[PDB]
Number of protein chains: 2
Amino acid sequence: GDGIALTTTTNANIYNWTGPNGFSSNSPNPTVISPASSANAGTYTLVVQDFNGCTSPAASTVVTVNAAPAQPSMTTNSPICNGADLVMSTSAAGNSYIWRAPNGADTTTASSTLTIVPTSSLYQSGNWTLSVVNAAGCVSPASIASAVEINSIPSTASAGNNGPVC
Amino acid sequence: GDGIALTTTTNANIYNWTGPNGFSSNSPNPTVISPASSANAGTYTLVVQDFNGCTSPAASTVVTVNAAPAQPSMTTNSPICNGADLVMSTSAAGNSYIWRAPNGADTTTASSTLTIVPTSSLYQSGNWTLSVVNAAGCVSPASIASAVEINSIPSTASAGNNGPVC
């Protein structure tokens, strides 16, 4: 999902780049490959032709592409009464977990389980999502949102009885 | 999000521009790069060929791209009764905060918290959004709207009792 950029240091007249998917360029500092995927992993080779018409031996480098984790899933204690702790968790593996609140608030934890204490700006109802990040620093697609419904505490009912009893 | 423009001052026959993403042009005053992103930051080099066929030494300049802040989030006292002050706030950092009313009214403040006194043209219900601007003058994506619900004050109930009591 990130891009692959190549650069040059020479000031020669003709550049010739070649790569894994038919990548080709006749310019220094070529158009960055935006959608990096494993398809573009491999060796990129540069040949440079001088002002005098002579060519260099080729130079080359290797770029690898780290894969993102699979879309994680989320479980929540969604039928929740106001004042109770909000608990959400995944089963997905990762090095760090990313929790996204409905209103955009965004926090992290090393744990697969997040607990939100109702003093927090995160104690909010609506659709919550999760994404995870692995050791390569790759972020998974976000999970399918799980709704959280925080219910109010009802008022009390008047209560009594029929009055004095023999 | 803004564009990168390059210009010339010469009247020579052939222009040769080159840049960071394979940017290339054979004309003076090239097509402005509209979607500036960090991808196009770097050195842009111009070489000019004369009417007589001779070429200039190259001239060059550097353009950098300032990044916008990440999408901020908003918190509001949304269950609000008419006449009460409307309070909205963010946690996002910035040099100035931009507050957008549902009906398009647009105000600013240096504070992360905005208070609207109900005499104001901004004391309106509906979906509010926020964006922030940093020291480079870059404006963040707008936040996910937060609804504000301004409720009316109900009329009174008739009240009384059963009448005189022994």
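As presented, residues are numbered from 1 along each chain according to the written sequence, a scheme that may differ from that of the entry, and residues lacking coordinates are left out. Written order determines the labels here, with chains lettered from A and ligands numbered from 1. These chains belong to a larger assembly; all numbers given describe just the chains displayed. Heavy atoms from the whole structure form the basis of all side-chain values; hydrogens and water molecules are not counted.

Listed as the method for this PDB entry is cryo-EM; the listed resolution is 3.8 Å.

1. Examining the environment of B:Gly126
All names here are of chain B. Each helix corresponds to a stretch of at least 4 residues labelled H or I by DSSP, and each strand to a stretch of at least 2 residues labelled E; elements are numbered beginning at the N terminus. Here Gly-126 lies in strand β11 (residues 126–133). Buried means the residue's accessible area, taken with a 1.4 Å probe over protein chains only, is under 20% of the maximum for its type, while exposed means over 50%, and partly exposed covers the values in between. For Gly-126, a relative accessible area of 25% corresponds to the partly exposed category. Once the C-alpha coordinates of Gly-126 and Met-88 are considered, the two residues, 38 residues apart in sequence, prove to be 13 Å apart. Whether two residues are in contact is decided by their heavy atoms: any pair within 4.5 Å suffices. If near-sequence neighbours (up to four positions away) are discounted, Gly-126 is found in contact with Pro-102, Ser-146, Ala-147 and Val-148.

2. A few points about the nonpolar core
Of all hydrophobic cores here, the largest spans 17 residues; its most connected members are A:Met74, A:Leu86, A:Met88, A:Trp99, A:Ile116, A:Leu122 and A:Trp128. Every element with two or more residues in this core is listed here: β7 (86–89), β8 (96–100), β10 (113–116) and β11 (126–133) of chain A. At three residues, β11(A) tops the list of elements feeding residues into this core. Non-local contacts of A:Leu86, meaning those with residues more than four positions away in its chain, are made with A:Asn77, A:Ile80, A:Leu114, A:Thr115, A:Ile116, A:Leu122, A:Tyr123, A:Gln124, A:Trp128 and A:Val148. The criterion is simple. A nonpolar core is a set of buried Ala, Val, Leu, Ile, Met, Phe, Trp, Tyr and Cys residues joined through side-chain atoms within 4.5 Å. Ranked by size, the runner-up nonpolar core spans 16 residues in total, among them B:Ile80, B:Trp99, B:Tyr123 and B:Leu130.

3. Quick notes on the interface of chain A and chain B
Across the contact, eleven residues belong to chain A and ten residues belong to chain B. Buried surface area refers to the total accessible area, computed with a probe of radius 1.4 Å, that the two partners give up upon joining, counted for both partners together. Ranking the residues of chain A by area buried against chain B places A:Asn29, A:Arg100 and A:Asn103 at the top, with a combined share of 50%. Definition used for salt bridges: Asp or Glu carboxyl oxygen within 4 Å of a side-chain nitrogen of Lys or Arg. If you look at where chain A meets chain B, you find zero salt bridges. Residues adjacent in sequence count toward polar contacts only when both atoms are side-chain atoms; beyond that, a polar contact is any pair of N or O atoms within 3.5 Å, and within protein one must be able to donate a hydrogen and the other to accept it. Our enumeration of links across chain A and chain B arrives at seven residue pairs in polar contact. Among the residues making up the side of chain A that touches chain B, the classes are represented as five nonpolar, five polar and one charged. Residue classes follow a fixed rule: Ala, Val, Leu, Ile, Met, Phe, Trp, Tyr, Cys and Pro count as nonpolar, while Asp, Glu, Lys and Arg count as charged, and any other residue, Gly among them, counts as polar.

4. Topic: unusual backbone geometry
With a phi close to 50°, A:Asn29 is a non-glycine residue in the positive phi region. Secondary-structure assignment places A:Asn29 in the loop between β2 (24–25) and β3 (42–49).

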